Amino acid sequence: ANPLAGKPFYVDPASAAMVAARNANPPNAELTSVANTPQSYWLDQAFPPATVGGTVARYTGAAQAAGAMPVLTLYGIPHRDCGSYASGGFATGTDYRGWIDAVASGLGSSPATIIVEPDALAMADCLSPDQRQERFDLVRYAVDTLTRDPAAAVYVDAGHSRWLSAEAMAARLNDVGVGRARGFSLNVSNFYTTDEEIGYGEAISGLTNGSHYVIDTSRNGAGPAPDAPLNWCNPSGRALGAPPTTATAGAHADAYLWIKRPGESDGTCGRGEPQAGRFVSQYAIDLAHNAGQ
Ligand SMILES: OC[C@H]1O[C@@H](O[C@H]2[C@H](O)[C@@H](O)[C@H](O)O[C@@H]2CO)[C@H](O)[C@@H](O)[C@@H]1O
């Protein structure tokens, strides 16, 4: 059955969006809307192996106390973003493995939804063959270790419908043990329509023994900006998409989620914009305004 059905997704009470909505003077309808919508909580190399267990236990326990399903995104892979606007990740595979162990320790047997490494498999060809193999091994390690929490619904990130082909991505998913996870994620931090992503997801599902998927609908209400380089990097004219739900239109689509947090910058984007991940109230307002709110 769909592990995501049956309770609301957790609204993070401490998100930058909540802080902005509470501080708004006068109150702002767009910030409030965004702030009250459940998103995902992103963890990376700022949360070292030594302590991330406690961070995870705290967040999943808080979500359980709220009667809700926490969504956590892991974004610590070595050579992350191939050193572009969202550069970072742990220094080595050894560090990354210790990080995954600590995250798993914090999960215990608690309910959680885990999005594993946005872009990692899709971007892997920027690496040398040896480094690419290591990356696949690390994503497979995440799957094998995290799924030891029976109550973790694990979705390995699989890019989007205009990145790798369904066949190419399915090969990579099968290589990293997608069969042990619940499935895969699509459209993370991107803008493609839900319909387009459903067709792509059902194709990958067909090639991965019926695996299930989630789609990031945080910013896809108006589809993507015109085809261009960096059309994914703080594009204007985009809108909030469907709020998180399990009432989807795909046979193997477990949920629409907001994985990316609306309002956060995608990077400097060659325009001196705020660093990737920094909350920009104006960006959240624009996305909400464009959706008619
Ligand atoms: O999808 C968000 C993700 O996009 C990355 O760029 C991709 C792009 O999405 C794809 O359409 C194009 O064909 O390939 C590039 C990479 O070569 C971007 O680099 C990431 O930061 C971002 O998270």
# chains A, B, ... in the order shown; residues from 1 in each chain; ligands from 1
$ residues_near_ligand --ligand "ligand 1" --cutoff "7 Å" --atoms "only C-alpha atoms and all ligand atoms" --output "list in words"
residues 81, 84, 85, 86, 118, 119, 123, 159, 160, 162, 163, 187, 188, 189, 190 and 232 of chain A
$ write_last_selection --atoms "C-alpha atoms" --output "mmCIF file, in the first residue's frame"
data_model
loop_
_atom_site.group_PDB
_atom_site.id
_atom_site.type_symbol
_atom_site.label_atom_id
_atom_site.label_comp_id
_atom_site.auth_asym_id
_atom_site.auth_seq_id
_atom_site.Cartn_x
_atom_site.Cartn_y
_atom_site.Cartn_z
ATOM 1 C CA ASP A 81 26.207 19.667 -7.998
ATOM 2 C CA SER A 84 28.209 24.489 -9.614
ATOM 3 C CA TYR A 85 25.855 26.920 -7.700
ATOM 4 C CA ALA A 86 24.942 24.282 -5.089
ATOM 5 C CA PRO A 118 18.566 15.226 -5.667
ATOM 6 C CA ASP A 119 20.464 15.217 -9.017
ATOM 7 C CA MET A 123 24.336 14.406 -12.999
ATOM 8 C CA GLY A 159 16.025 13.743 -12.110
ATOM 9 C CA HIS A 160 13.180 14.794 -14.403
ATOM 10 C CA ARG A 162 14.075 16.366 -19.677
ATOM 11 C CA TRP A 163 17.244 15.137 -18.051
ATOM 12 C CA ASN A 187 11.214 17.211 -10.704
ATOM 13 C CA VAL A 188 13.058 18.165 -7.519
ATOM 14 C CA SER A 189 13.708 21.914 -7.599
ATOM 15 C CA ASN A 190 12.433 22.031 -11.178
ATOM 16 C CA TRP A 232 16.040 26.240 -13.986
#
$ residues_around --residues "segment 92-103 of chain A" --least-positions-apart "4" --cutoff "8 Å" --atoms "only C-alpha atoms" --output "MDAnalysis selection string"
chainID A and resid 48:53 56 76:78 107 134 138 141:142 145:146
$ select_by_dssp --residues "segment 27-183 of chain A" --states "strand (DSSP E)" --output "VMD selection string"
chain A and resid 41 to 43 71 to 74 112 to 116 152 to 157 183
$ atom_distance --atom1 "atom CA of residue 237 of chain A" --atom2 "atom CA of residue 287 of chain A"
7.6 Å
$ atom_distance --atom1 "atom CA of residue 238 of chain A" --atom2 "atom CA of residue 32 of chain A"
18.4 Å
$ atom_distance --atom1 "atom CA of residue 285 of chain A" --atom2 "atom CA of residue 240 of chain A"
9.9 Å
$ residues_around --residues "segment 57-68 of chain A" --least-positions-apart "5" --cutoff "6 Å" --atoms "only C-alpha atoms" --output "list in words"
residues 7, 8, 9, 10, 106 and 107 of chain A
$ closest_residue --among "A:243, A:233, A:122, A:220" --to "residue 272 of chain A" --atoms "only C-alpha atoms"
A:233
